[PDB]
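Enquirer: One structure coming up, written as structure tokens, with questions to follow.
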Amino acid sequence: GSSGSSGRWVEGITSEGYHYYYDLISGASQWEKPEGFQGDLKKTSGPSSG
């Protein structure tokens with residue numbers, strides 16, 4: 001509509017193997033965990049792997 005509601009981040013990995021969170025909104029990045037990130041459930045489960 002006007003602006004994007006709720007936060008949009010995804011947990012991945014960086015150099016070496018550090019679990020970081022990226023931003024799809026525009027394309028931001030941060031080490032720390034974003035506000036109400038909530039992104040980690042059923043790790044490697046079901047049909048969709050990884």
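According to PDB author numbering, the sequence shown holds residues 1 to 50 in order. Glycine included, every Cβ here is placed at the ideal spot set by N, Cα and C.
#1: If you reduce the DSSP assignment to three classes, tell me which class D23 lands in.
#2: For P34, which residues of its own chain have a beta-carbon under 7 Å away from its beta-carbon, when the five flanking residues on both sides are left out?
#3: Going by beta-carbon coordinates alone, are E11 and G46 separated by less than 8 Å?
#4: From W31, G27, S26, pick the residue whose C-alpha is nearest to that of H19; which is it?
Expert: According to the structure data:
#1: Taking the sequence shown and counting its residues from 1, the one referred to as residue 23 is at position 23. Three-state result, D23: strand.
#2: The residue labelled residue 34 in the question sits at position 34 within the sequence shown. Excluding sequence neighbours, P34 sits near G7, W9, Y21.
#3: Within the sequence shown, numbered from 1, the residue matching residue 11 stands at position 11. Within the sequence shown, numbered from 1, the residue matching residue 46 stands at position 46. Result no, Cβ atoms of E11 and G46 do not sit closer than 8 Å.
#4: In the sequence shown, residue 19 corresponds to position 19, counting from 1. Closest by alpha carbon: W31.
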